[PDB]
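Q: Quick one: structure below, then a few questions.
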Amino acid sequence: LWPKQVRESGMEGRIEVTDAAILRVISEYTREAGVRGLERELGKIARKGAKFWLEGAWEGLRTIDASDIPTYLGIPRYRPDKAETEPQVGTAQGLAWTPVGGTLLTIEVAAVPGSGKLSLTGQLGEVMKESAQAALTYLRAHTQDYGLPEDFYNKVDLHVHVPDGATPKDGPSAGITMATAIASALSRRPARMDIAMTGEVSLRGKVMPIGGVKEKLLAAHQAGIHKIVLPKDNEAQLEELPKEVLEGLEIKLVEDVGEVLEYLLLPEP
Amino acid sequence: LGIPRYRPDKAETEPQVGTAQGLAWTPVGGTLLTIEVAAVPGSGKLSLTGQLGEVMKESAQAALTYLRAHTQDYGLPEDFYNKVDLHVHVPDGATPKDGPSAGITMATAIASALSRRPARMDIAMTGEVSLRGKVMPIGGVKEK
Amino acid sequence: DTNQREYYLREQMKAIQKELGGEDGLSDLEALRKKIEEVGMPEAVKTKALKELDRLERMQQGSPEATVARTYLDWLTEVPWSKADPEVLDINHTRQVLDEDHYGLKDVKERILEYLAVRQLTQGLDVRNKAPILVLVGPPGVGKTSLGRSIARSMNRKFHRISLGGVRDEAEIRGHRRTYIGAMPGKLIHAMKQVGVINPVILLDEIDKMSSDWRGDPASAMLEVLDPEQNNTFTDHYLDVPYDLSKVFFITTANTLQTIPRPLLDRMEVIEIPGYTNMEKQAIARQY
Amino acid sequence: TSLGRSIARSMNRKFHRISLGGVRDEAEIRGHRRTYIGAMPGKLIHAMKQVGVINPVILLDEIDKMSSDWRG
Amino acid sequence: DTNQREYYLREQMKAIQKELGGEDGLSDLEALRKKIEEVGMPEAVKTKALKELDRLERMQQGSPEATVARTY
Amino acid sequence: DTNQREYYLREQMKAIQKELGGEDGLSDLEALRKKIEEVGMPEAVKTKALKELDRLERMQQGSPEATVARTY
């Protein structure tokens with residue numbers, strides 16, 4: 001890519017770029033599943049380099065590191081690493097595969113004392129509501145181990161917001177995502193950032209496996225999440241993926257929804 | 001000069017209860033938007049007038065959710081959400097910006113009708129809202 | 001009676017074209033025949049102009065094939081060569097000229113400087129596109145004309161512009177082969193006739209509203225003219241010979257982010273033109 | 001659509017994508033029933049016209065946006 | 001004078017065209033005429049076929065009103 | 001006399017069109033008219049049929065003002 005862009009603008013043997021600068025362009029100036037964005041970003045770097053060179057060729061070979069990138073681009077539109085934002089109360093970084101590139105569905109659920117029912121916002125589907133119901137049903141089996149009062153279902157309304165309008169995968173794939181979202185919201189403790197998750201939740205509290213583990217392992221690299229949670233029933237689904245996809249990940253193969261919540265719920269009560 | 005073709009009435013917030021100013025834009029010219037919310041004690045359901053889309057519906061739902069989270073911070077009852085029909089007038093239809101761009105404007109419009117206190121003059125605003133009570137960044141700040 | 005009166009009206013309109021008739025009597029088939037030797041022209045173009053002369057020897061208001069052939073000859077002999085607008089290879093001089101459009105806009109001037117620094121730094125290190133021409137995007141009331149005029153002033157190009165926005169027939173964009181009237185040399189050919197320097201600036205106005213009732217998409221001609229490896233061989237329905245357009249610079253303007261064909265997304269890119277504010281309008285008013 | 005070019009090189013063929021994004025009738029994959037000059041065939045015949053051989057590698061890009069809001 | 005001259009010349013062209021070997025006739029049209037006359041067919045179907053055959057003799061080659069007849 | 005001369009002028013149109021090319025569409029729009037206004041129908045219905053038939057002076061090749069007119 002870069003040897004094409006620096007040849008678009010006639011930078012033959014004039015501009016060099018290190019690994020850190022390309023990584024800055026990747027993780028700080030474009031977020032999409034493909035590499036179309038990096039083409040135009042490196043093109044803009046080439047054009048700015050041609051501009052700065054045309055007003056004086058002082059340097060024989062200009063090294064562009066991860067420091068002078070903004071001079072050609074400006075402000076990082078996205079966080080460098082997603083491990084720097086905050087832990088939030090009602091936030092669960094989901095995983096999905098939107099046909100326009102993978103992205104994390106920040107499903108947000110708010111618990112308000114009141115009648116006791118499920119408020120269903122954000123264009124849920126049938127399966128999305130059933131997943132919320134399944135998460136509540138499991139959380140009802142074990143409540144005193146999460147600090148909740150045993151009468152929470154009788155008196156707490158839950159406002160659930162799922163982005164991307166309807167379900168993006170055209171099917172439930174964020175079971176444990178909603179499980180941890182609702183557990184944090186009901187317990188009102190900061191859920192963990194920096195860890196995306198996906199799965200299926202079953203009322204006995206079992207993590208049924210997902211389809212297409214490759215997409216749920218990519219759409220967390222593109223989103224910048226470097227610790228993913230997967231169902232244990234997909235352990236053999238990690239024996240055909242290329243080694244590049246598995247690079248940088250601390251994958252927690254899980255089977256219960258009592259061990260997905262070991263990670264995110266560091267504050268239980 | 002003759003008859004004034006333009007007016008300075010788009011430089012004002014119209015400080016009456018429920019009235020709020022939403023900053024909007026078009027790629028061919030400049031404009032704004034206003035909203036008024038009447039809180040009539042009724043069935044407690046949102047009635048949208050102005051051919052509004054659903055996005056305003058969940059934005060108002062999030063505003064009411066944040067109101068319900070901290071009713072005691074504005075001296076509000078814990079049960080009036082079921083009793084207040086919100087009757088909303090917006091001159092335009094859907095929001096020209098994708099999703100909510102007057103989300104905080106909508107939140108304050110809903111809260112004004114539930115707080116019996118008007119808006120502040122010469123203070124405009126725009127932004128996105130989240131159900132947890134956080135304001136999300138708005139893109140295209142230049143046009144706004 | 002009405003039909004005969006309208007027939008006599010159109011025939012009298014045909015008769016009262018004395019100015020066209022005078023050119024046909026002396027300039028056409030005689031001065032044009034010598035015009036080949038008087039001016040420098042490519043050998044193949046000269047010989048095809050010789051056939052175009054052979055397409056003459058009949059009245060130009062009779063068979064429309066002869067009329068459109070004479071239009072081809074008039075748009076041929078009035079396009080000289082071996083001349084070009086001088087370059088200013090300094091971005092600083094271009095910025096200096098940009099300083100007085102309104103003030104430079106402080107943003108778009110820099111994007112145009114990107115485009116110019118790439119323009120001077122190419123595979124041949126010359127004016128060859130191999131890249132977009134970066135249509136302008138913004139409200140229609142902004143100084144869209146001023147940017148192109150200032151760049152032409154700085155870069156020393158004889159600025160042109162042609163009508164491509166809002167049209168509905170393809171004779172102001174492409175034209176159609178010289179076998180019937182109503183098919184005319186394209187406006188790009190007219191601009192190339194406007195001046196002989198082979199590096200003009202053919203501003204394309206309101207490209208976002210380009211359309212036509214003539215089915216057969218002109219966007220193919222856009223791809224043809226926007227590709228420097230294909231703009232030298234830029235043909236249309238009308239252009240029966242690949243007309244050598246090698247050093248011709250290009251630029252375009254638009255005012256909407258939606259009304260644009262997708263074959264106009266590669267070899268084409270966005271420049272956003274911010275609107276002016278009451279303070280910006282105050283300053284630009286008072287000063288200019 | 002660069003993988004198409006790679007396969008085309010590996011096969012010494014041509015390569016010509018045809019974006020179907022923004023097609024909602026058979027009047028653009030097939031043509032209009034020819035009854036007047038001023039109407040084209042569909043897209044595939046334009047594709048074959050662009051290339052010069054009977055064995056290209058056509059890439060029907062954006063086939064999901066192929067929709068039908070109109071008669072046909 | 002020139003217009004009446006060219007009008008008579010165009011009429012000469014048209015008159016000679018009908019006598020120019022009848023190329024358009026039979027080869028591009030009557031082939032369908034035989035196929036109607038050589039299929040074991042119900043009487044009403046042949047009546048309808050002849051009715052729609054007499055609807056022709058106007059140039060659908062510039063008129064969409066009889067391309068439907070040819071396809072019918 | 002006037003109310004019949006209107007229909008007489010319509011009949012003169014439809015009969016001169018016989019001598020015109022296409023033979024009045026092989027005597028069409030007269031089969032529809034007679035099958036309507038020979039079978040015993042209410043008079044107001046006959047009149048409104050006359051109007052809704054008079055809308056056949058428009059284009060038909062996709063416009064929803066002659067296909068639906070023919071169906072009606």
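Just so we're on the same page: first chain in the structure tokens is A, next is B, and so on; residues restart at 1 for each chain, and ligands are numbered from 1 in the order they show up.
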Using DSSP on the backbone coordinates, identify the residues of stretch 5-79 of chain C assigned to helix (DSSP H, G or I); present them as a PyMOL selection string.

A: chain C and resi 5-15+18-38+43-54+64-77

Q: Let's see if you can do this: from backbone DSSP, list all strand (DSSP E) residues in chain B, as a compact mmCIF listing (two decimals) with N, CA, C and O atoms, in the first residue's frame.

A:
# COMPACT_ATOMS: atom_id res chain seq x y z
N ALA B 20 -37.14 24.63 23.13
CA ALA B 20 -35.71 24.37 23.06
C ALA B 20 -35.23 24.50 21.62
O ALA B 20 -35.99 24.27 20.67
N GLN B 21 -33.96 24.86 21.47
CA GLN B 21 -33.36 25.17 20.17
C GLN B 21 -32.40 24.06 19.77
O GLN B 21 -31.41 23.80 20.46
N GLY B 22 -32.68 23.42 18.64
CA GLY B 22 -31.82 22.38 18.10
C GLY B 22 -31.05 22.84 16.87
O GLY B 22 -31.64 23.27 15.87
N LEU B 23 -29.73 22.75 16.94
CA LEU B 23 -28.89 23.16 15.82
C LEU B 23 -28.89 22.08 14.75
O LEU B 23 -28.55 20.93 15.01
N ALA B 24 -29.29 22.47 13.53
CA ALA B 24 -29.30 21.57 12.39
C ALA B 24 -28.62 22.26 11.22
O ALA B 24 -28.34 23.46 11.26
N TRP B 25 -28.35 21.50 10.16
CA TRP B 25 -27.64 22.04 9.02
C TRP B 25 -28.10 21.35 7.74
O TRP B 25 -28.65 20.24 7.77
N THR B 26 -27.88 22.02 6.62
CA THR B 26 -28.07 21.48 5.28
C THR B 26 -26.85 21.82 4.44
O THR B 26 -26.23 22.88 4.62
N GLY B 29 -27.28 25.46 2.65
CA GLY B 29 -27.65 26.67 3.36
C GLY B 29 -27.78 26.42 4.84
O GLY B 29 -27.71 25.29 5.33
N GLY B 30 -27.99 27.50 5.58
CA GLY B 30 -28.07 27.43 7.03
C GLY B 30 -29.49 27.55 7.56
O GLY B 30 -30.30 28.32 7.05
N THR B 31 -29.78 26.78 8.60
CA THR B 31 -31.08 26.79 9.26
C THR B 31 -30.90 26.26 10.67
O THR B 31 -29.80 25.86 11.08
N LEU B 32 -32.00 26.25 11.43
CA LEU B 32 -32.01 25.74 12.80
C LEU B 32 -33.29 24.94 12.99
O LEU B 32 -33.97 24.57 12.02
N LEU B 33 -33.63 24.66 14.24
CA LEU B 33 -34.88 23.98 14.54
C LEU B 33 -35.31 24.35 15.96
O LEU B 33 -34.48 24.68 16.81
N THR B 34 -36.61 24.29 16.20
CA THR B 34 -37.16 24.51 17.52
C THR B 34 -38.06 23.34 17.88
O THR B 34 -38.55 22.61 17.02
N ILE B 35 -38.24 23.14 19.18
CA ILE B 35 -39.10 22.08 19.71
C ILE B 35 -39.87 22.64 20.89
O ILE B 35 -39.34 23.45 21.66
N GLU B 36 -41.13 22.23 21.03
CA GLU B 36 -41.88 22.53 22.25
C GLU B 36 -42.56 21.25 22.70
O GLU B 36 -43.10 20.50 21.87
N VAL B 37 -42.52 20.99 24.00
CA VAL B 37 -43.07 19.77 24.58
C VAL B 37 -44.14 20.19 25.59
O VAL B 37 -43.84 20.89 26.56
N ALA B 38 -45.38 19.76 25.37
CA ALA B 38 -46.45 19.99 26.32
C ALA B 38 -46.64 18.74 27.17
O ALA B 38 -46.83 17.64 26.63
N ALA B 39 -46.58 18.90 28.49
CA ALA B 39 -46.69 17.78 29.42
C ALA B 39 -48.12 17.74 29.96
O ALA B 39 -48.41 18.24 31.05
N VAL B 40 -49.01 17.12 29.20
CA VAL B 40 -50.41 17.06 29.61
C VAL B 40 -50.61 15.81 30.47
O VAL B 40 -50.24 14.71 30.05
N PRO B 41 -51.17 15.93 31.67
CA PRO B 41 -51.36 14.74 32.50
C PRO B 41 -52.36 13.78 31.88
O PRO B 41 -53.57 14.03 31.88
N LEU B 46 -45.75 8.80 24.57
CA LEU B 46 -45.22 9.85 23.71
C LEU B 46 -46.06 9.99 22.45
O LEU B 46 -46.18 9.04 21.67
N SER B 47 -46.63 11.17 22.24
CA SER B 47 -47.32 11.51 21.01
C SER B 47 -46.44 12.48 20.23
O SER B 47 -46.21 13.61 20.66
N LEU B 48 -45.95 12.03 19.07
CA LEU B 48 -45.10 12.86 18.23
C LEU B 48 -45.93 13.47 17.11
O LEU B 48 -46.59 12.76 16.35
N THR B 49 -45.88 14.80 17.01
CA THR B 49 -46.57 15.54 15.96
C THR B 49 -45.53 16.28 15.14
O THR B 49 -44.71 17.02 15.69
N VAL B 84 -47.96 11.33 32.26
CA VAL B 84 -47.70 12.57 31.52
C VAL B 84 -47.55 12.22 30.05
O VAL B 84 -46.51 11.70 29.62
N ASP B 85 -48.58 12.51 29.26
CA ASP B 85 -48.45 12.45 27.81
C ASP B 85 -47.66 13.66 27.33
O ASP B 85 -47.98 14.80 27.69
N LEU B 86 -46.63 13.41 26.53
CA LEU B 86 -45.80 14.47 25.99
C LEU B 86 -46.22 14.73 24.55
O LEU B 86 -46.12 13.85 23.69
N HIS B 87 -46.71 15.94 24.29
CA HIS B 87 -47.24 16.33 22.99
C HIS B 87 -46.22 17.31 22.40
O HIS B 87 -46.05 18.42 22.90
N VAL B 88 -45.52 16.87 21.36
CA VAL B 88 -44.32 17.55 20.88
C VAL B 88 -44.61 18.19 19.53
O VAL B 88 -45.10 17.53 18.61
N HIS B 89 -44.29 19.48 19.41
CA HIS B 89 -44.30 20.16 18.12
C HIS B 89 -42.86 20.46 17.70
O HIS B 89 -42.10 21.09 18.46
N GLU B 128 -25.38 14.48 21.24
CA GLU B 128 -25.98 13.16 21.30
C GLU B 128 -26.08 12.71 22.75
O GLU B 128 -25.30 13.15 23.60
N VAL B 129 -27.04 11.84 23.03
CA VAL B 129 -27.29 11.38 24.39
C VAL B 129 -27.16 9.87 24.46
O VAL B 129 -27.29 9.16 23.46
N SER B 130 -26.89 9.38 25.67
CA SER B 130 -26.80 7.95 25.95
C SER B 130 -27.68 7.62 27.14
O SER B 130 -27.88 8.44 28.04
N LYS B 134 -24.76 9.98 29.49
CA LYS B 134 -23.52 10.51 28.93
C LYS B 134 -23.82 11.16 27.59
O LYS B 134 -24.70 10.70 26.85
N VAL B 135 -23.10 12.22 27.28
CA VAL B 135 -23.27 12.93 26.02
C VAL B 135 -22.21 12.46 25.03
O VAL B 135 -21.01 12.54 25.30
N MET B 136 -22.67 11.93 23.89
CA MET B 136 -21.72 11.41 22.92
C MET B 136 -21.22 12.52 22.01
O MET B 136 -21.92 13.51 21.78

Q: Find the spatial neighbours of stretch 121-137 of chain C, counting only C-alpha atoms, within a cut-off of 9 Å - ignore same-chain residues fewer than 6 positions away - and output them as a PDB file with N, CA and C atoms, in the first residue's frame.

A:
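The resulting file, result25.pdb, is shown below:
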ATOM      1  N   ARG A   7       4.321   6.273  -4.544  1.00  0.00           N
ATOM      2  CA  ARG A   7       4.563   6.303  -5.976  1.00  0.00           C
ATOM      3  C   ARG A   7       3.461   7.033  -6.727  1.00  0.00           C
ATOM      4  N   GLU A   8       2.298   7.215  -6.101  1.00  0.00           N
ATOM      5  CA  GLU A   8       1.263   8.063  -6.682  1.00  0.00           C
ATOM      6  C   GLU A   8       1.728   9.510  -6.756  1.00  0.00           C
ATOM      7  N   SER A   9       2.411   9.981  -5.710  1.00  0.00           N
ATOM      8  CA  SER A   9       2.814  11.376  -5.594  1.00  0.00           C
ATOM      9  C   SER A   9       4.285  11.598  -5.917  1.00  0.00           C
ATOM     10  N   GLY A  10       4.924  10.663  -6.616  1.00  0.00           N
ATOM     11  CA  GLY A  10       6.307  10.848  -7.013  1.00  0.00           C
ATOM     12  C   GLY A  10       7.289  10.985  -5.874  1.00  0.00           C
ATOM     13  N   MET A  11       7.129  10.199  -4.813  1.00  0.00           N
ATOM     14  CA  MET A  11       8.050  10.206  -3.677  1.00  0.00           C
ATOM     15  C   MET A  11       9.080   9.093  -3.768  1.00  0.00           C
ATOM     16  N   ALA A  50       4.526  15.650  -0.213  1.00  0.00           N
ATOM     17  CA  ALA A  50       4.878  16.358  -1.438  1.00  0.00           C
ATOM     18  C   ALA A  50       4.764  17.866  -1.261  1.00  0.00           C
ATOM     19  N   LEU A  54       7.881  20.367  -1.504  1.00  0.00           N
ATOM     20  CA  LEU A  54       7.896  21.332  -2.594  1.00  0.00           C
ATOM     21  C   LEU A  54       8.242  22.739  -2.128  1.00  0.00           C
TER      22      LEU A  54
ATOM     23  N   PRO B  27     -26.473  20.949   3.502  1.00  0.00           N
ATOM     24  CA  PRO B  27     -25.288  21.199   2.672  1.00  0.00           C
ATOM     25  C   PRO B  27     -25.463  22.289   1.626  1.00  0.00           C
TER      26      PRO B  27
ATOM     27  N   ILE C 112      -5.932  22.306  -1.987  1.00  0.00           N
ATOM     28  CA  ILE C 112      -5.518  22.580  -3.357  1.00  0.00           C
ATOM     29  C   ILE C 112      -4.003  22.531  -3.471  1.00  0.00           C
ATOM     30  N   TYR C 115      -3.093  19.022  -3.866  1.00  0.00           N
ATOM     31  CA  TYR C 115      -3.357  18.572  -5.227  1.00  0.00           C
ATOM     32  C   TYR C 115      -2.311  19.095  -6.198  1.00  0.00           C
ATOM     33  N   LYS C 144     -17.414  29.557  -5.001  1.00  0.00           N
ATOM     34  CA  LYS C 144     -16.887  28.426  -5.757  1.00  0.00           C
ATOM     35  C   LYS C 144     -16.121  28.882  -6.993  1.00  0.00           C
ATOM     36  N   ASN C 199      -2.673  23.365 -22.354  1.00  0.00           N
ATOM     37  CA  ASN C 199      -2.858  23.121 -20.927  1.00  0.00           C
ATOM     38  C   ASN C 199      -3.846  24.114 -20.326  1.00  0.00           C
ATOM     39  N   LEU C 204     -15.549  22.224 -14.907  1.00  0.00           N
ATOM     40  CA  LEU C 204     -16.815  21.542 -15.135  1.00  0.00           C
ATOM     41  C   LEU C 204     -17.781  21.992 -14.045  1.00  0.00           C
ATOM     42  N   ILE C 207     -21.295  19.435 -11.706  1.00  0.00           N
ATOM     43  CA  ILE C 207     -21.257  18.050 -12.166  1.00  0.00           C
ATOM     44  C   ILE C 207     -22.263  17.168 -11.447  1.00  0.00           C
ATOM     45  N   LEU C 226     -11.174  11.698 -17.759  1.00  0.00           N
ATOM     46  CA  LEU C 226     -10.480  11.833 -16.486  1.00  0.00           C
ATOM     47  C   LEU C 226      -9.261  10.923 -16.397  1.00  0.00           C
ATOM     48  N   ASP C 227      -9.142   9.958 -17.297  1.00  0.00           N
ATOM     49  CA  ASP C 227      -7.966   9.097 -17.324  1.00  0.00           C
ATOM     50  C   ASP C 227      -6.942   9.670 -18.293  1.00  0.00           C
ATOM     51  N   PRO C 228      -5.771  10.116 -17.826  1.00  0.00           N
ATOM     52  CA  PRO C 228      -4.778  10.689 -18.746  1.00  0.00           C
ATOM     53  C   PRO C 228      -4.286   9.715 -19.800  1.00  0.00           C
ATOM     54  N   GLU C 229      -4.232   8.423 -19.493  1.00  0.00           N
ATOM     55  CA  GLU C 229      -3.946   7.399 -20.485  1.00  0.00           C
ATOM     56  C   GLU C 229      -5.110   7.182 -21.440  1.00  0.00           C
ATOM     57  N   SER C 246      -3.421  15.859 -24.137  1.00  0.00           N
ATOM     58  CA  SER C 246      -2.388  15.306 -23.269  1.00  0.00           C
ATOM     59  C   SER C 246      -2.094  16.157 -22.046  1.00  0.00           C
ATOM     60  N   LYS C 247      -1.854  17.452 -22.222  1.00  0.00           N
ATOM     61  CA  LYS C 247      -1.431  18.320 -21.133  1.00  0.00           C
ATOM     62  C   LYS C 247      -2.579  19.121 -20.532  1.00  0.00           C
ATOM     63  N   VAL C 248      -3.824  18.752 -20.823  1.00  0.00           N
ATOM     64  CA  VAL C 248      -4.987  19.527 -20.394  1.00  0.00           C
ATOM     65  C   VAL C 248      -5.235  19.263 -18.909  1.00  0.00           C
ATOM     66  N   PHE C 249      -5.166  20.325 -18.109  1.00  0.00           N
ATOM     67  CA  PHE C 249      -5.554  20.263 -16.710  1.00  0.00           C
ATOM     68  C   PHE C 249      -7.077  20.259 -16.602  1.00  0.00           C
ATOM     69  N   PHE C 250      -7.581  19.888 -15.428  1.00  0.00           N
ATOM     70  CA  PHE C 250      -9.019  19.798 -15.216  1.00  0.00           C
ATOM     71  C   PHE C 250      -9.365  20.192 -13.789  1.00  0.00           C
ATOM     72  N   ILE C 251     -10.628  20.574 -13.601  1.00  0.00           N
ATOM     73  CA  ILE C 251     -11.156  20.913 -12.284  1.00  0.00           C
ATOM     74  C   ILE C 251     -12.673  20.865 -12.384  1.00  0.00           C
ATOM     75  N   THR C 252     -13.343  20.708 -11.245  1.00  0.00           N
ATOM     76  CA  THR C 252     -14.791  20.552 -11.245  1.00  0.00           C
ATOM     77  C   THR C 252     -15.352  21.073  -9.927  1.00  0.00           C
ATOM     78  N   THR C 253     -16.630  21.457  -9.954  1.00  0.00           N
ATOM     79  CA  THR C 253     -17.347  21.934  -8.779  1.00  0.00           C
ATOM     80  C   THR C 253     -18.684  21.208  -8.662  1.00  0.00           C
ATOM     81  N   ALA C 254     -19.187  21.138  -7.431  1.00  0.00           N
ATOM     82  CA  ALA C 254     -20.468  20.509  -7.138  1.00  0.00           C
ATOM     83  C   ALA C 254     -20.982  21.065  -5.817  1.00  0.00           C
ATOM     84  N   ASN C 255     -22.258  20.787  -5.529  1.00  0.00           N
ATOM     85  CA  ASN C 255     -22.878  21.347  -4.334  1.00  0.00           C
ATOM     86  C   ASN C 255     -23.743  20.342  -3.578  1.00  0.00           C
ATOM     87  N   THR C 256     -23.504  19.042  -3.737  1.00  0.00           N
ATOM     88  CA  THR C 256     -24.297  18.037  -3.041  1.00  0.00           C
ATOM     89  C   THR C 256     -23.462  16.776  -2.875  1.00  0.00           C
ATOM     90  N   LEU C 257     -23.623  16.105  -1.735  1.00  0.00           N
ATOM     91  CA  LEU C 257     -22.871  14.899  -1.414  1.00  0.00           C
ATOM     92  C   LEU C 257     -23.575  13.616  -1.844  1.00  0.00           C
ATOM     93  N   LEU C 265     -16.655   8.332  -8.530  1.00  0.00           N
ATOM     94  CA  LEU C 265     -16.000   8.294  -7.232  1.00  0.00           C
ATOM     95  C   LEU C 265     -14.532   7.910  -7.306  1.00  0.00           C
ATOM     96  N   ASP C 266     -14.128   7.155  -8.320  1.00  0.00           N
ATOM     97  CA  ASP C 266     -12.722   6.927  -8.603  1.00  0.00           C
ATOM     98  C   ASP C 266     -12.330   7.902  -9.708  1.00  0.00           C
ATOM     99  N   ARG C 267     -11.064   8.332  -9.691  1.00  0.00           N
ATOM    100  CA  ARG C 267     -10.619   9.482 -10.485  1.00  0.00           C
ATOM    101  C   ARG C 267     -11.394  10.745 -10.128  1.00  0.00           C
ATOM    102  N   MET C 268     -11.895  10.820  -8.897  1.00  0.00           N
ATOM    103  CA  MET C 268     -12.659  11.976  -8.460  1.00  0.00           C
ATOM    104  C   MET C 268     -12.737  11.916  -6.941  1.00  0.00           C
ATOM    105  N   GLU C 269     -12.670  13.077  -6.291  1.00  0.00           N
ATOM    106  CA  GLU C 269     -12.661  13.096  -4.834  1.00  0.00           C
ATOM    107  C   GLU C 269     -13.246  14.405  -4.324  1.00  0.00           C
ATOM    108  N   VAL C 270     -13.541  14.422  -3.022  1.00  0.00           N
ATOM    109  CA  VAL C 270     -14.271  15.533  -2.426  1.00  0.00           C
ATOM    110  C   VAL C 270     -13.306  16.585  -1.900  1.00  0.00           C
ATOM    111  N   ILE C 271     -13.601  17.849  -2.191  1.00  0.00           N
ATOM    112  CA  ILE C 271     -13.090  18.980  -1.426  1.00  0.00           C
ATOM    113  C   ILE C 271     -14.285  19.673  -0.792  1.00  0.00           C
ATOM    114  N   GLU C 272     -14.300  19.735   0.534  1.00  0.00           N
ATOM    115  CA  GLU C 272     -15.392  20.382   1.242  1.00  0.00           C
ATOM    116  C   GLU C 272     -15.146  21.885   1.290  1.00  0.00           C
ATOM    117  N   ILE C 273     -16.169  22.657   0.940  1.00  0.00           N
ATOM    118  CA  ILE C 273     -16.099  24.112   0.925  1.00  0.00           C
ATOM    119  C   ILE C 273     -16.993  24.629   2.050  1.00  0.00           C
ATOM    120  N   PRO C 274     -16.431  25.045   3.182  1.00  0.00           N
ATOM    121  CA  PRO C 274     -17.267  25.519   4.288  1.00  0.00           C
ATOM    122  C   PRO C 274     -18.021  26.783   3.914  1.00  0.00           C
TER     123      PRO C 274
END

Q: Show me which bits of chain D are within 12 Å of chain F, counting only C-alpha atoms, as a list in words.

A: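 So the residues of chain D near chain F are residues 32, 33, 35, 70 and 71 of chain D.
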
Q: Env of residue F:18: 12 Å cut, atoms = only C-alpha atoms, seq-sep filter 5 positions within chain, self excluded. Answer as a PyMOL selection string.

A: chain F and resi 11-13+23-30
